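A.B. asks: For reference, this is coords-v4.cif, and it has mmCIF, N, CA and C atoms and all ligand atoms.
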```
data_model
#
loop_
_atom_site.label_atom_id
_atom_site.label_comp_id
_atom_site.auth_asym_id
_atom_site.auth_seq_id
_atom_site.Cartn_x
_atom_site.Cartn_y
_atom_site.Cartn_z
N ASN A 625 -75.63 244.54 -136.80
CA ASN A 625 -76.62 245.34 -136.02
C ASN A 625 -75.98 246.20 -134.91
N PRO A 626 -75.11 245.59 -134.06
CA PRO A 626 -74.34 246.47 -133.16
C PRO A 626 -73.58 247.48 -134.02
N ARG A 627 -73.84 248.77 -133.81
CA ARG A 627 -73.21 249.82 -134.59
C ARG A 627 -72.25 250.62 -133.70
N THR A 628 -70.98 250.72 -134.15
CA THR A 628 -69.96 251.52 -133.47
C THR A 628 -70.20 252.97 -133.81
N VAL A 629 -70.39 253.79 -132.78
CA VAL A 629 -70.53 255.23 -133.01
C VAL A 629 -69.24 255.96 -132.71
N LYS A 630 -68.39 255.35 -131.88
CA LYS A 630 -67.12 255.95 -131.55
C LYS A 630 -66.07 254.89 -131.22
N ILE A 631 -64.83 255.17 -131.63
CA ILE A 631 -63.72 254.29 -131.26
C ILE A 631 -62.58 255.09 -130.65
N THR A 632 -62.03 254.58 -129.56
CA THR A 632 -60.92 255.26 -128.90
C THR A 632 -59.79 254.22 -128.75
N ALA A 633 -58.57 254.71 -128.59
CA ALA A 633 -57.41 253.80 -128.52
C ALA A 633 -56.42 254.29 -127.49
N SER A 634 -55.55 253.38 -127.07
CA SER A 634 -54.41 253.73 -126.23
C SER A 634 -53.57 254.86 -126.84
N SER A 635 -53.44 254.78 -128.16
CA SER A 635 -52.66 255.73 -128.95
C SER A 635 -53.04 255.55 -130.41
N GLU A 636 -52.59 256.48 -131.24
CA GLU A 636 -52.81 256.35 -132.66
C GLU A 636 -51.72 257.14 -133.40
N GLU A 637 -51.49 256.76 -134.66
CA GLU A 637 -50.44 257.39 -135.45
C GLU A 637 -51.10 258.36 -136.43
N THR A 638 -50.69 259.63 -136.42
CA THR A 638 -51.23 260.56 -137.42
C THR A 638 -50.14 261.47 -137.99
N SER A 639 -48.88 261.19 -137.62
CA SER A 639 -47.74 262.01 -138.08
C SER A 639 -46.91 261.27 -139.13
N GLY A 640 -46.38 260.09 -138.78
CA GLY A 640 -45.61 259.29 -139.75
C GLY A 640 -46.44 258.72 -140.91
N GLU A 641 -47.74 258.55 -140.66
CA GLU A 641 -48.73 258.14 -141.65
C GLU A 641 -50.08 258.48 -141.03
N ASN A 642 -51.15 258.36 -141.80
CA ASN A 642 -52.48 258.62 -141.30
C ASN A 642 -53.14 257.31 -140.86
N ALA A 643 -53.02 256.98 -139.57
CA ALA A 643 -53.56 255.70 -139.08
C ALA A 643 -54.36 255.86 -137.77
N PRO A 644 -55.36 256.77 -137.77
CA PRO A 644 -56.12 257.01 -136.54
C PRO A 644 -56.98 255.80 -136.16
N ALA A 645 -57.41 255.78 -134.89
CA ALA A 645 -58.30 254.70 -134.38
C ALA A 645 -59.55 254.55 -135.25
N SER A 646 -60.07 255.68 -135.78
CA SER A 646 -61.33 255.65 -136.58
C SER A 646 -61.14 254.76 -137.82
N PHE A 647 -59.89 254.60 -138.27
CA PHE A 647 -59.63 253.73 -139.42
C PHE A 647 -59.90 252.24 -139.15
N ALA A 648 -60.01 251.85 -137.88
CA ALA A 648 -60.42 250.48 -137.52
C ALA A 648 -61.95 250.24 -137.58
N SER A 649 -62.70 251.30 -137.88
CA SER A 649 -64.17 251.32 -137.83
C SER A 649 -64.81 251.88 -139.10
N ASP A 650 -64.05 251.96 -140.20
CA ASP A 650 -64.54 252.65 -141.42
C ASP A 650 -64.97 251.70 -142.55
N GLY A 651 -65.11 250.42 -142.24
CA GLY A 651 -65.50 249.41 -143.22
C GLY A 651 -64.57 249.16 -144.41
N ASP A 652 -63.37 249.75 -144.36
CA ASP A 652 -62.41 249.70 -145.47
C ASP A 652 -61.17 248.89 -145.08
N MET A 653 -60.94 247.75 -145.73
CA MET A 653 -59.78 246.90 -145.38
C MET A 653 -58.41 247.54 -145.72
N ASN A 654 -58.42 248.61 -146.53
CA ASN A 654 -57.18 249.29 -146.96
C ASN A 654 -56.70 250.38 -146.00
N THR A 655 -57.49 250.63 -144.96
CA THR A 655 -57.16 251.61 -143.94
C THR A 655 -57.04 250.86 -142.61
N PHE A 656 -56.01 251.20 -141.84
CA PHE A 656 -55.78 250.56 -140.57
C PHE A 656 -55.49 251.61 -139.50
N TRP A 657 -55.87 251.28 -138.28
CA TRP A 657 -55.42 251.97 -137.08
C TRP A 657 -54.00 251.46 -136.82
N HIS A 658 -53.11 252.35 -136.38
CA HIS A 658 -51.79 251.91 -135.88
C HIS A 658 -51.59 252.66 -134.57
N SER A 659 -51.17 251.94 -133.54
CA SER A 659 -50.58 252.55 -132.33
C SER A 659 -49.53 253.59 -132.76
N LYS A 660 -49.29 254.62 -131.94
CA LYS A 660 -48.30 255.64 -132.34
C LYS A 660 -46.92 255.01 -132.35
N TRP A 661 -46.31 255.02 -133.54
CA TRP A 661 -44.95 254.53 -133.73
C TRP A 661 -43.92 255.64 -133.98
N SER A 662 -44.37 256.80 -134.47
CA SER A 662 -43.46 257.95 -134.65
C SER A 662 -42.99 258.46 -133.29
N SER A 663 -41.74 258.91 -133.24
CA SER A 663 -41.16 259.31 -131.96
C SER A 663 -41.94 260.52 -131.40
N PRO A 664 -42.35 260.49 -130.11
CA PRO A 664 -42.17 259.41 -129.12
C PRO A 664 -43.23 258.30 -129.27
N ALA A 665 -42.76 257.09 -129.57
CA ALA A 665 -43.65 255.94 -129.81
C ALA A 665 -44.41 255.56 -128.54
N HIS A 666 -45.66 255.13 -128.70
CA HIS A 666 -46.39 254.56 -127.58
C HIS A 666 -46.27 253.03 -127.68
N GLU A 667 -45.56 252.40 -126.74
CA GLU A 667 -45.19 250.99 -126.89
C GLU A 667 -46.11 250.03 -126.12
N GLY A 668 -47.20 250.61 -125.63
CA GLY A 668 -48.21 249.87 -124.94
C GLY A 668 -48.39 250.30 -123.50
N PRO A 669 -49.39 249.71 -122.82
CA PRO A 669 -50.25 248.63 -123.31
C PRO A 669 -51.19 249.18 -124.40
N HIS A 670 -51.40 248.39 -125.44
CA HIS A 670 -52.27 248.78 -126.55
C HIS A 670 -53.71 248.34 -126.32
N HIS A 671 -54.66 249.20 -126.70
CA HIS A 671 -56.05 248.75 -126.69
C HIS A 671 -56.90 249.57 -127.64
N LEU A 672 -58.06 249.02 -127.96
CA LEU A 672 -59.03 249.68 -128.81
C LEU A 672 -60.37 249.48 -128.08
N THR A 673 -61.12 250.56 -127.93
CA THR A 673 -62.45 250.47 -127.30
C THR A 673 -63.53 251.00 -128.23
N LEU A 674 -64.49 250.14 -128.52
CA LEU A 674 -65.62 250.49 -129.35
C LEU A 674 -66.82 250.87 -128.48
N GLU A 675 -67.33 252.09 -128.70
CA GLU A 675 -68.61 252.55 -128.10
C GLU A 675 -69.73 252.33 -129.13
N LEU A 676 -70.69 251.48 -128.73
CA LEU A 676 -71.86 251.15 -129.57
C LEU A 676 -72.98 252.16 -129.34
N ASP A 677 -73.94 252.23 -130.28
CA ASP A 677 -75.00 253.25 -130.13
C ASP A 677 -76.10 252.86 -129.13
N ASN A 678 -75.99 251.66 -128.57
CA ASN A 678 -76.95 251.14 -127.61
C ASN A 678 -76.32 249.96 -126.89
N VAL A 679 -77.03 249.41 -125.92
CA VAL A 679 -76.63 248.11 -125.36
C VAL A 679 -77.10 247.04 -126.34
N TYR A 680 -76.17 246.17 -126.70
CA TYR A 680 -76.44 245.01 -127.53
C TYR A 680 -75.98 243.73 -126.87
N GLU A 681 -76.71 242.65 -127.15
CA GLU A 681 -76.24 241.35 -126.80
C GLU A 681 -75.24 240.94 -127.87
N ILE A 682 -74.01 240.67 -127.45
CA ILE A 682 -72.93 240.35 -128.40
C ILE A 682 -72.26 239.02 -128.08
N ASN A 683 -71.79 238.33 -129.12
CA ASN A 683 -71.09 237.06 -128.90
C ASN A 683 -69.83 236.87 -129.75
N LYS A 684 -69.44 237.91 -130.48
CA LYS A 684 -68.31 237.79 -131.39
C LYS A 684 -67.65 239.15 -131.65
N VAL A 685 -66.32 239.16 -131.72
CA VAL A 685 -65.56 240.33 -132.19
C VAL A 685 -64.82 239.87 -133.44
N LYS A 686 -64.87 240.69 -134.48
CA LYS A 686 -64.13 240.42 -135.71
C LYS A 686 -62.88 241.28 -135.60
N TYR A 687 -61.73 240.65 -135.77
CA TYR A 687 -60.48 241.38 -135.82
C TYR A 687 -59.82 241.07 -137.16
N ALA A 688 -59.82 242.06 -138.06
CA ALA A 688 -59.19 241.92 -139.37
C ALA A 688 -57.78 242.61 -139.33
N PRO A 689 -56.72 241.83 -139.46
CA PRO A 689 -55.37 242.42 -139.42
C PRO A 689 -55.11 243.35 -140.61
N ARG A 690 -54.14 244.27 -140.45
CA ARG A 690 -53.67 245.02 -141.61
C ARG A 690 -53.13 244.04 -142.65
N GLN A 691 -53.33 244.36 -143.93
CA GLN A 691 -53.10 243.39 -144.97
C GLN A 691 -51.72 243.53 -145.63
N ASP A 692 -51.05 244.66 -145.39
CA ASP A 692 -49.79 244.98 -146.10
C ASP A 692 -48.51 244.69 -145.28
N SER A 693 -48.65 244.39 -143.98
CA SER A 693 -47.48 244.21 -143.09
C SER A 693 -47.92 243.45 -141.85
N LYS A 694 -47.00 242.76 -141.20
CA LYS A 694 -47.37 242.11 -139.94
C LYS A 694 -47.17 243.01 -138.70
N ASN A 695 -46.68 244.23 -138.91
CA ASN A 695 -46.39 245.14 -137.81
C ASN A 695 -47.66 245.39 -137.03
N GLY A 696 -47.66 245.03 -135.77
CA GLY A 696 -48.82 245.24 -134.88
C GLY A 696 -49.91 244.18 -134.95
N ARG A 697 -49.70 243.14 -135.76
CA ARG A 697 -50.70 242.07 -135.85
C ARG A 697 -50.89 241.45 -134.46
N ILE A 698 -52.11 241.42 -133.95
CA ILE A 698 -52.41 240.98 -132.58
C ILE A 698 -52.38 239.46 -132.53
N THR A 699 -51.59 238.93 -131.59
CA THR A 699 -51.47 237.48 -131.38
C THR A 699 -51.90 237.04 -129.97
N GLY A 700 -52.23 238.00 -129.11
CA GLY A 700 -52.59 237.76 -127.72
C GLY A 700 -53.54 238.88 -127.36
N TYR A 701 -54.69 238.52 -126.80
CA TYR A 701 -55.74 239.53 -126.55
C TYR A 701 -56.53 239.22 -125.27
N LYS A 702 -57.22 240.24 -124.77
CA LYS A 702 -58.32 240.10 -123.82
C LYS A 702 -59.47 240.94 -124.40
N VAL A 703 -60.69 240.40 -124.34
CA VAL A 703 -61.91 241.13 -124.68
C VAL A 703 -62.74 241.33 -123.41
N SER A 704 -63.19 242.57 -123.20
CA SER A 704 -63.92 242.97 -121.99
C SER A 704 -65.12 243.82 -122.42
N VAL A 705 -66.20 243.75 -121.64
CA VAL A 705 -67.39 244.53 -122.00
C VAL A 705 -67.73 245.49 -120.82
N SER A 706 -68.44 246.55 -121.16
CA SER A 706 -68.88 247.50 -120.15
C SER A 706 -70.23 248.07 -120.58
N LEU A 707 -71.02 248.46 -119.57
CA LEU A 707 -72.17 249.29 -119.82
C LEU A 707 -71.92 250.78 -119.67
N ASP A 708 -70.92 251.17 -118.86
CA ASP A 708 -70.72 252.59 -118.58
C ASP A 708 -69.43 253.17 -119.19
N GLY A 709 -68.53 252.30 -119.65
CA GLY A 709 -67.27 252.79 -120.22
C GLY A 709 -66.08 252.91 -119.26
N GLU A 710 -66.30 252.60 -117.98
CA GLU A 710 -65.27 252.60 -116.96
C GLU A 710 -65.11 251.23 -116.28
N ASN A 711 -66.24 250.61 -115.95
CA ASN A 711 -66.22 249.34 -115.25
C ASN A 711 -66.38 248.23 -116.28
N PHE A 712 -65.27 247.52 -116.51
CA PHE A 712 -65.26 246.43 -117.50
C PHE A 712 -65.26 245.05 -116.88
N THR A 713 -65.80 244.09 -117.63
CA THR A 713 -65.78 242.69 -117.24
C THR A 713 -65.14 241.86 -118.37
N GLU A 714 -64.08 241.11 -118.04
CA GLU A 714 -63.43 240.29 -119.02
C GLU A 714 -64.38 239.17 -119.48
N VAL A 715 -64.44 238.90 -120.79
CA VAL A 715 -65.32 237.82 -121.31
C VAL A 715 -64.53 236.75 -122.07
N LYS A 716 -63.30 237.08 -122.48
CA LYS A 716 -62.50 236.15 -123.28
C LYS A 716 -61.04 236.58 -123.26
N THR A 717 -60.13 235.61 -123.12
CA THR A 717 -58.70 235.83 -123.28
C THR A 717 -58.20 234.69 -124.13
N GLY A 718 -57.29 234.97 -125.06
CA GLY A 718 -56.72 233.93 -125.91
C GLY A 718 -55.58 234.41 -126.78
N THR A 719 -55.17 233.53 -127.70
CA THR A 719 -54.14 233.84 -128.66
C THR A 719 -54.75 233.75 -130.06
N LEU A 720 -54.06 234.36 -131.02
CA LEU A 720 -54.50 234.36 -132.41
C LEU A 720 -53.32 233.95 -133.27
N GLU A 721 -53.59 233.19 -134.33
CA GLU A 721 -52.55 232.75 -135.26
C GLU A 721 -51.89 233.94 -135.93
N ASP A 722 -50.58 233.78 -136.16
CA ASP A 722 -49.76 234.78 -136.83
C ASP A 722 -49.95 234.62 -138.34
N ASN A 723 -51.10 235.08 -138.84
CA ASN A 723 -51.33 235.17 -140.27
C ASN A 723 -52.27 236.37 -140.55
N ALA A 724 -52.47 236.70 -141.82
CA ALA A 724 -53.30 237.85 -142.20
C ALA A 724 -54.82 237.58 -142.24
N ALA A 725 -55.26 236.37 -141.86
CA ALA A 725 -56.70 236.02 -141.98
C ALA A 725 -57.52 236.85 -140.97
N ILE A 726 -58.74 237.21 -141.37
CA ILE A 726 -59.69 237.79 -140.42
C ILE A 726 -59.89 236.80 -139.27
N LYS A 727 -59.80 237.29 -138.03
CA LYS A 727 -60.03 236.46 -136.83
C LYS A 727 -61.40 236.74 -136.21
N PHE A 728 -62.05 235.69 -135.70
CA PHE A 728 -63.35 235.81 -135.08
C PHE A 728 -63.23 235.26 -133.67
N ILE A 729 -63.31 236.17 -132.71
CA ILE A 729 -63.20 235.86 -131.29
C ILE A 729 -64.63 235.68 -130.76
N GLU A 730 -64.92 234.46 -130.29
CA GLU A 730 -66.28 234.07 -129.94
C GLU A 730 -66.39 233.77 -128.46
N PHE A 731 -67.50 234.18 -127.87
CA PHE A 731 -67.78 233.98 -126.43
C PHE A 731 -69.30 233.92 -126.21
N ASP A 732 -69.72 233.44 -125.03
CA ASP A 732 -71.14 233.43 -124.68
C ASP A 732 -71.76 234.82 -124.82
N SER A 733 -72.98 234.87 -125.33
CA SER A 733 -73.75 236.11 -125.43
C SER A 733 -73.72 236.88 -124.12
N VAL A 734 -73.53 238.19 -124.25
CA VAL A 734 -73.35 239.08 -123.12
C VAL A 734 -73.75 240.50 -123.56
N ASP A 735 -74.40 241.25 -122.67
CA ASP A 735 -74.76 242.63 -122.99
C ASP A 735 -73.52 243.53 -122.95
N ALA A 736 -73.45 244.47 -123.88
CA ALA A 736 -72.37 245.46 -123.87
C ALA A 736 -72.82 246.74 -124.56
N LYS A 737 -72.39 247.87 -123.98
CA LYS A 737 -72.37 249.15 -124.68
C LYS A 737 -70.94 249.50 -125.22
N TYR A 738 -69.92 249.09 -124.46
CA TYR A 738 -68.50 249.26 -124.82
C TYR A 738 -67.82 247.92 -124.90
N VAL A 739 -66.97 247.76 -125.90
CA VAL A 739 -66.26 246.49 -126.06
C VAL A 739 -64.78 246.88 -126.18
N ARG A 740 -63.96 246.42 -125.23
CA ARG A 740 -62.54 246.76 -125.26
C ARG A 740 -61.68 245.55 -125.63
N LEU A 741 -60.82 245.75 -126.63
CA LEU A 741 -59.87 244.74 -127.07
C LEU A 741 -58.51 245.15 -126.53
N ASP A 742 -58.04 244.49 -125.48
CA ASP A 742 -56.71 244.74 -124.95
C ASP A 742 -55.73 243.80 -125.64
N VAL A 743 -54.59 244.35 -126.04
CA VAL A 743 -53.53 243.56 -126.67
C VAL A 743 -52.59 243.04 -125.57
N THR A 744 -52.40 241.71 -125.52
CA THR A 744 -51.38 241.15 -124.61
C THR A 744 -50.12 240.73 -125.39
N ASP A 745 -50.23 240.65 -126.71
CA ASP A 745 -49.09 240.26 -127.54
C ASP A 745 -49.30 240.65 -128.98
N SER A 746 -48.21 240.95 -129.66
CA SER A 746 -48.31 241.24 -131.07
C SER A 746 -46.96 240.97 -131.71
N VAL A 747 -46.99 240.86 -133.04
CA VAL A 747 -45.78 240.57 -133.82
C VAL A 747 -45.42 241.74 -134.75
N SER A 748 -44.28 241.62 -135.44
CA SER A 748 -43.83 242.67 -136.34
C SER A 748 -42.97 242.03 -137.43
N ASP A 749 -42.73 242.77 -138.51
CA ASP A 749 -41.87 242.30 -139.59
C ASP A 749 -40.45 242.06 -139.09
N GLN A 750 -40.01 242.89 -138.15
CA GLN A 750 -38.60 242.92 -137.75
C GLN A 750 -38.27 241.75 -136.83
N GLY A 753 -39.29 243.60 -131.33
CA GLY A 753 -40.45 243.77 -132.19
C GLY A 753 -41.74 243.36 -131.52
N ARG A 754 -41.72 242.22 -130.85
CA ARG A 754 -42.90 241.71 -130.16
C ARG A 754 -43.53 242.78 -129.27
N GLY A 755 -44.85 242.92 -129.36
CA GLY A 755 -45.59 243.80 -128.47
C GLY A 755 -45.48 245.31 -128.68
N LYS A 756 -44.49 245.78 -129.44
CA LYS A 756 -44.22 247.22 -129.57
C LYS A 756 -45.34 247.96 -130.30
N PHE A 757 -45.97 247.29 -131.27
CA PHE A 757 -46.98 247.91 -132.09
C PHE A 757 -48.33 247.20 -131.96
N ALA A 758 -49.38 247.92 -132.36
CA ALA A 758 -50.69 247.27 -132.57
C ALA A 758 -51.38 247.91 -133.74
N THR A 759 -51.88 247.06 -134.61
CA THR A 759 -52.66 247.53 -135.76
C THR A 759 -53.95 246.71 -135.98
N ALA A 760 -54.92 247.35 -136.62
CA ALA A 760 -56.14 246.67 -137.02
C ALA A 760 -56.69 247.35 -138.26
N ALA A 761 -56.97 246.56 -139.30
CA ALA A 761 -57.66 247.06 -140.50
C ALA A 761 -59.12 247.31 -140.17
N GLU A 762 -59.77 246.36 -139.49
CA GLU A 762 -61.15 246.54 -139.07
C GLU A 762 -61.39 245.79 -137.76
N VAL A 763 -62.26 246.35 -136.93
CA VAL A 763 -62.69 245.65 -135.71
C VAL A 763 -64.15 246.03 -135.57
N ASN A 764 -64.99 245.03 -135.37
CA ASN A 764 -66.40 245.31 -135.03
C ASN A 764 -67.00 244.12 -134.26
N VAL A 765 -68.24 244.29 -133.81
CA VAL A 765 -68.82 243.27 -132.94
C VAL A 765 -70.16 242.84 -133.52
N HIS A 766 -70.52 241.62 -133.18
CA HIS A 766 -71.67 240.93 -133.73
C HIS A 766 -72.42 240.20 -132.61
N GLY A 767 -73.70 239.93 -132.83
CA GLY A 767 -74.56 239.27 -131.82
C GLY A 767 -75.14 237.93 -132.22
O1 LIG H 1 -42.00 251.03 -137.43
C1 LIG H 1 -43.42 250.97 -137.56
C2 LIG H 1 -43.82 251.25 -139.02
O2 LIG H 1 -43.14 250.38 -139.92
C3 LIG H 1 -43.34 250.72 -141.31
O3 LIG H 1 -42.49 249.99 -142.16
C4 LIG H 1 -44.82 250.56 -141.74
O4 LIG H 1 -45.03 251.05 -143.05
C5 LIG H 1 -45.64 251.43 -140.78
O5 LIG H 1 -47.02 251.23 -141.08
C6 LIG H 1 -45.33 251.15 -139.29
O6 LIG H 1 -45.76 249.82 -138.96
CA CA H 2 -60.26 250.17 -142.02
#
```
Taking this structure as input, can you express it in the form of structure tokens?
C.D. replies:
Amino acid sequence: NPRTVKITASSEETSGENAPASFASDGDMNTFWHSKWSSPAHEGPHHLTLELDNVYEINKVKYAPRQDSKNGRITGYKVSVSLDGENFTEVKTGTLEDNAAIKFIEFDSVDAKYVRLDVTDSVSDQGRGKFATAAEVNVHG
């Protein structure tokens, strides 16, 4: 029910491959957002912010890792909510297992128009923290 109308990111890759932030919001597990890795690489801090079409009561973020590589797989996160897009309130901080499984970050119900996923840690095939990727990210109530 919470519907993402817009997604913005710290950075995105569109030169070395086509991996824009919108690819984290397109319902397709075969497309991923990637932080900019082509020179000059953006090495963080990485984040993804979802703008919803209304204020929703939310209690879960789904984070589906890219399925073809561990590059940018998020292992450390903060989730924050906002009504205006500038003033955020942290609702959850934690770690995520280093595997390709869809992750479900759960917290007490809270109103949000914007949901920001800040990366505090990530892994790579090779590395830590340099990249961030997501096949899909969305929010649920
Ligand atoms: O160096 C970063 C890059 O590494 C590549 O091997 C991978 O195909 C890209 O998606 C990107 O993660
Ligand atoms: Ca996708």
A.B. asks: For residue 643 in chain A, which residue among A:727, A:660, A:766, A:702 is the nearest when counting all atoms listed in the file?
C.D. replies: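 Of A:727, A:660, A:766, A:702, the one nearest residue 643 in chain A, counting all atoms listed in the file, is A:660.
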A.B. asks: So what do you get for CA of residue 767 in chain A versus CA of residue 678 in chain A, distance-wise?
C.D. replies: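 Separation between CA of residue 767 in chain A and CA of residue 678 in chain A: 12.8 Å.
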A.B. asks: As a PyMOL selection string, please: every protein or nucleic acid residue near ligand CA 2 (chain H) (cut-off 7 Å, counting only C-alpha atoms and all ligand atoms).
C.D. replies: chain A and resi 647-656+761-762
A.B. asks: Pick the closest to ligand LIG 1 (chain H) from A:694, A:684, A:670, A:737: which is it, counting all atoms listed in the file?
C.D. replies: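 Closest candidate: A:694.
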A.B. asks: Can you work out which residues are within 8 Å of ligand LIG 1 (chain H), considering only N, CA and C atoms and all ligand atoms, and then hand them over as an MDAnalysis selection string?
C.D. replies: chainID A and resid 640:641 658:662 692:696 748:749 757:759
A.B. asks: If you measure from CA of residue 629 in chain A to atom C of residue 764 in chain A, what distance in Å do you get, rounded to one decimal?
C.D. replies: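 Atom-to-atom, CA of residue 629 in chain A and atom C of residue 764 in chain A are spaced 11.7 Å apart.
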A.B. asks: Can you measure CA of residue 708 in chain A to atom N of residue 679 in chain A for me? One decimal in Å is fine.
C.D. replies: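 Result for CA of residue 708 in chain A versus atom N of residue 679 in chain A: 10.2 Å, one decimal.
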A.B. asks: Using only C-alpha atoms, pick whichever of A:645, A:685, A:672, A:705 has the shortest atom-to-atom distance to residue 736 in chain A.
C.D. replies: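 Result for the nearest residue to residue 736 in chain A: A:705.
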A.B. asks: Can you list every residue in range 646-730 of chain A that DSSP puts in strand (DSSP E or B), as a PyMOL selection string?
C.D. replies: chain A and resi 657-658+671-688+698-706+712-719+727-730
A.B. asks: Under the rule that only C-alpha atoms are counted, which of A:723, A:734, A:626, A:744 is the nearest residue to residue 689 in chain A?
C.D. replies: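 Going through A:723, A:734, A:626, A:744 one by one, the smallest distance to residue 689 in chain A is for A:723.
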A.B. asks: Using all atoms listed in the file, pick whichever of A:631, A:688, A:756, A:698 has the shortest atom-to-atom distance to residue 673 in chain A.
C.D. replies: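 Smallest distance to residue 673 in chain A is found for A:631.
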A.B. asks: Residue 720 in chain A: which residues within 6 Å, counting all atoms listed in the file, same-chain residues fewer than 3 positions away excluded, as a PyMOL selection string?
C.D. replies: chain A and resi 698-701
A.B. asks: Considering only N, CA and C atoms, can you say which of A:644, A:675, A:715, A:665 comes closest to residue 630 in chain A?
C.D. replies: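 Looking at the shortest contact to residue 630 in chain A, the residue is A:675.
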A.B. asks: From range 634-755 of chain A, collect each residue whose DSSP state is helix (DSSP H, G or I) and return the set as a PyMOL selection string.
C.D. replies: chain A and resi 645-648
A.B. asks: Put those residues in a file: N, CA and C atoms, as a CSV table (one decimal), keeping the file's coordinate frame.
C.D. replies:
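Dumped to part.csv:
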```csv
chain,number,residue,atom,x,y,z
A,645,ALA,N,-57.4,255.8,-134.9
A,645,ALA,CA,-58.3,254.7,-134.4
A,645,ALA,C,-59.6,254.6,-135.2
A,646,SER,N,-60.1,255.7,-135.8
A,646,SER,CA,-61.3,255.6,-136.6
A,646,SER,C,-61.1,254.8,-137.8
A,647,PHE,N,-59.9,254.6,-138.3
A,647,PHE,CA,-59.6,253.7,-139.4
A,647,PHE,C,-59.9,252.2,-139.2
A,648,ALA,N,-60.0,251.8,-137.9
A,648,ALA,CA,-60.4,250.5,-137.5
A,648,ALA,C,-62.0,250.2,-137.6
```
A.B. asks: Take every atom of range 687-692 of chain A listed in the file, pad by 6 Å on each side, and give me the axis-aligned box centre and edge lengths in Å, one decimal, as JSON.
C.D. replies:
```
{"center_x": -55.1, "center_y": 242.8, "center_z": -140.9, "size_x": 25.2, "size_y": 16.4, "size_z": 22.3}
```
A.B. asks: Do you know which residues are at most 8 Å from residue 716 in chain A counting only C-alpha atoms, after dropping those on the same chain fewer than 4 positions away, and could you put them as a list in words?
C.D. replies: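 Once the adjacent positions are removed, what remains is residues 702, 703, 704, 730 and 731 of chain A.
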A.B. asks: Could you please take those selected residues and save N, CA and C atoms as a PDB file, in the coordinates of the input?
C.D. replies:
```pdb
ATOM      1  N   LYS A 702     -57.220 240.240-124.770  1.00  0.00           N
ATOM      2  CA  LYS A 702     -58.320 240.100-123.820  1.00  0.00           C
ATOM      3  C   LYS A 702     -59.470 240.940-124.400  1.00  0.00           C
ATOM      4  N   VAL A 703     -60.690 240.400-124.340  1.00  0.00           N
ATOM      5  CA  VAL A 703     -61.910 241.130-124.680  1.00  0.00           C
ATOM      6  C   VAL A 703     -62.740 241.330-123.410  1.00  0.00           C
ATOM      7  N   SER A 704     -63.190 242.570-123.200  1.00  0.00           N
ATOM      8  CA  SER A 704     -63.920 242.970-121.990  1.00  0.00           C
ATOM      9  C   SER A 704     -65.120 243.820-122.420  1.00  0.00           C
ATOM     10  N   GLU A 730     -64.920 234.460-130.290  1.00  0.00           N
ATOM     11  CA  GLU A 730     -66.280 234.070-129.940  1.00  0.00           C
ATOM     12  C   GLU A 730     -66.390 233.770-128.460  1.00  0.00           C
ATOM     13  N   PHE A 731     -67.500 234.180-127.870  1.00  0.00           N
ATOM     14  CA  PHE A 731     -67.780 233.980-126.430  1.00  0.00           C
ATOM     15  C   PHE A 731     -69.300 233.920-126.210  1.00  0.00           C
TER      16      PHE A 731
END
```
A.B. asks: Find the residues around residue 735 in chain A up to 9 Å (only C-alpha atoms counted), leave out those fewer than 6 positions away in its own chain, and share them as a list in words.
C.D. replies: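 Result of the neighbour search: residues 679, 680, 681, 682, 683, 705, 706 and 707 of chain A.
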A.B. asks: Quick one: range 722-729 of chain A with N, CA, C and O atoms, as a PDB file, in the coordinates of the input?
C.D. replies:
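Okay, this is what ended up in out.pdb:
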```
ATOM      1  N   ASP A 722     -50.580 233.780-136.160  1.00  0.00           N
ATOM      2  CA  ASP A 722     -49.760 234.780-136.830  1.00  0.00           C
ATOM      3  C   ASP A 722     -49.950 234.620-138.340  1.00  0.00           C
ATOM      4  O   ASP A 722     -49.098 234.043-139.022  1.00  0.00           O
ATOM      5  N   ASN A 723     -51.100 235.080-138.840  1.00  0.00           N
ATOM      6  CA  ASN A 723     -51.330 235.170-140.270  1.00  0.00           C
ATOM      7  C   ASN A 723     -52.270 236.370-140.550  1.00  0.00           C
ATOM      8  O   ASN A 723     -52.831 236.960-139.605  1.00  0.00           O
ATOM      9  N   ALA A 724     -52.470 236.700-141.820  1.00  0.00           N
ATOM     10  CA  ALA A 724     -53.300 237.850-142.200  1.00  0.00           C
ATOM     11  C   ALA A 724     -54.820 237.580-142.240  1.00  0.00           C
ATOM     12  O   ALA A 724     -55.581 238.489-142.573  1.00  0.00           O
ATOM     13  N   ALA A 725     -55.260 236.370-141.860  1.00  0.00           N
ATOM     14  CA  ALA A 725     -56.700 236.020-141.980  1.00  0.00           C
ATOM     15  C   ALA A 725     -57.520 236.850-140.970  1.00  0.00           C
ATOM     16  O   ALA A 725     -57.043 237.191-139.893  1.00  0.00           O
ATOM     17  N   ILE A 726     -58.740 237.210-141.370  1.00  0.00           N
ATOM     18  CA  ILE A 726     -59.690 237.790-140.420  1.00  0.00           C
ATOM     19  C   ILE A 726     -59.890 236.800-139.270  1.00  0.00           C
ATOM     20  O   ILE A 726     -60.045 235.604-139.520  1.00  0.00           O
ATOM     21  N   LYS A 727     -59.800 237.290-138.030  1.00  0.00           N
ATOM     22  CA  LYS A 727     -60.030 236.460-136.830  1.00  0.00           C
ATOM     23  C   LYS A 727     -61.400 236.740-136.210  1.00  0.00           C
ATOM     24  O   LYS A 727     -61.849 237.905-136.197  1.00  0.00           O
ATOM     25  N   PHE A 728     -62.050 235.690-135.700  1.00  0.00           N
ATOM     26  CA  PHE A 728     -63.350 235.810-135.080  1.00  0.00           C
ATOM     27  C   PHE A 728     -63.230 235.260-133.670  1.00  0.00           C
ATOM     28  O   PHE A 728     -63.042 234.057-133.473  1.00  0.00           O
ATOM     29  N   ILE A 729     -63.310 236.170-132.710  1.00  0.00           N
ATOM     30  CA  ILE A 729     -63.200 235.860-131.290  1.00  0.00           C
ATOM     31  C   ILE A 729     -64.630 235.680-130.760  1.00  0.00           C
ATOM     32  O   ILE A 729     -65.443 236.612-130.830  1.00  0.00           O
TER      33      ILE A 729
END
```
